[PDB]
């Protein structure tokens, strides 16, 4: 299936992203205990667990929707954290890896 093909390819890309050694900050929703005013500042939180559930719920009917959610993980991180923080550094490493996986899979809209 074109729908099941898309699902299979996204599932593979998302699982590879999640397994990456730089993914650890992004694995689950940001915890207030670690960032008490986070949710006062970041209006569209996103994380890889939430993406995994969205994928399982057949939300990602296009490349565009999947890219927007992963890209939001990164933009939240860079909005919130200084550039020389480990979080920012992880974001840019994981983004490079993400793009290489999108390209390796031939994913197009």
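Residue numbers count along the first chain shown, from 1. C-alpha atoms forming the largest set that superposes within 1.5 Å between two forms make up the rigid core.
Comparing 25-33 with 50-58 in 7 other deposited structures of this protein, after superposition on the rigid core, the stretch with the greater RMS C-alpha deviation is 25-33. Comparing 5-13 with 88-96, the higher mean C-alpha B-factor in the PDB entry belongs to 5-13.
For the pair 20-28 and 97-105, the record assigns the higher mean C-alpha temperature factor to 97-105. Per the PDB record, 35 has a higher Cα B-factor than any other of 55, 35, 48, 68. For residue 42, the recorded CA B-factor ranks within the middle third of the chain. Only modelled residues enter the ranking.
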